[PDB]
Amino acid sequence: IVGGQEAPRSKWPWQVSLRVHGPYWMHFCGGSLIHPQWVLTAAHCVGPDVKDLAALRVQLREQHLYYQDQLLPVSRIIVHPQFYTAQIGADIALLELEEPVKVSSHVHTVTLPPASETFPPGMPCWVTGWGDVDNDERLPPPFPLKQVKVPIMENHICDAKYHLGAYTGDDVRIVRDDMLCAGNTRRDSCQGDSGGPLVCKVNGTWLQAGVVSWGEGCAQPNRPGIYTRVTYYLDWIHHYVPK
């Protein structure tokens, strides 16, 4: 996360950390608990090539990474079949936990938006995670969870911006219809935040509007952070996750 601060212990109870086997269970991507037994994340974090379930673990909300770990095994990885690269789209995936987690006020699910829900440009939303605090700058120990308020940006405006200072023809889509943008030159997501949540509070109730997907650098001019638009893939999600 770029341009944000450490999150209060009572904030973002649905945030999760994905760990990969190694000298130690290292954090490589974020995710969100959308059901007691299901985690939502980005496809590029666990694909497109098939990965060994035994080398993956999920860690529920932690104030500091690695300090009070309680790793959970994953029983199944479901990557959207239309996914190959983030730039092409469908950057979304599901992780079925071995056991349904025991929800508490400190750790619980985030609510998904209704199919008709559309987050307007400028609406203040939040992105969270343990990723880099700037281009090539790793989050330093003790690795606190970070948060940053970012305003939603209209898909068309975002697409236009990405063409600025680029050779790509203005008529050639870069930011596609299943993607959403947010952030600016001071606040953005970054490597390591991928798969994590972008939440906006509507009628009270926090709704997850997107999944951290990709971008060109972090907080770079005319290069807003790009997310997978959750509403676009609700049918696919609800094909595996109980409503």
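Rigid core here is just the name for the largest C-alpha set that superposes within 1.5 Å across the two forms. The first residue of the sequence shown is number 1, and the count goes up from there.
After superposition on the rigid core, the larger root-mean-square Cα deviation in 8 other deposited structures of this protein belongs to 116-124, not to the other of 79-87 and 116-124. Legend: mean Cα B-factor per stretch from the PDB entry, 201-209 versus 45-53; the higher mean is in 201-209. Between 8-16 and 221-229, the higher mean Cα B-factor belongs to 8-16. Sorting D159, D91, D132, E99 by the CA temperature factor given in the entry leaves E99 at the top. Per the deposited record, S116 carries the highest C-alpha B-factor of all listed residues (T128, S116, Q87, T168). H27: CA B factor lies in the lowest third for its chain, per the PDB record.
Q37: CA B factor lies in the middle third for its chain, per the PDB record. When the modelled residues of the chain are ordered by their C-alpha B factor, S194 lands in the lowest third. Annotation for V241: CA B-factor lies in the highest third of the chain's modelled residues. Ranked within its chain, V103 lands in the highest third, by CA B factor from the PDB record.
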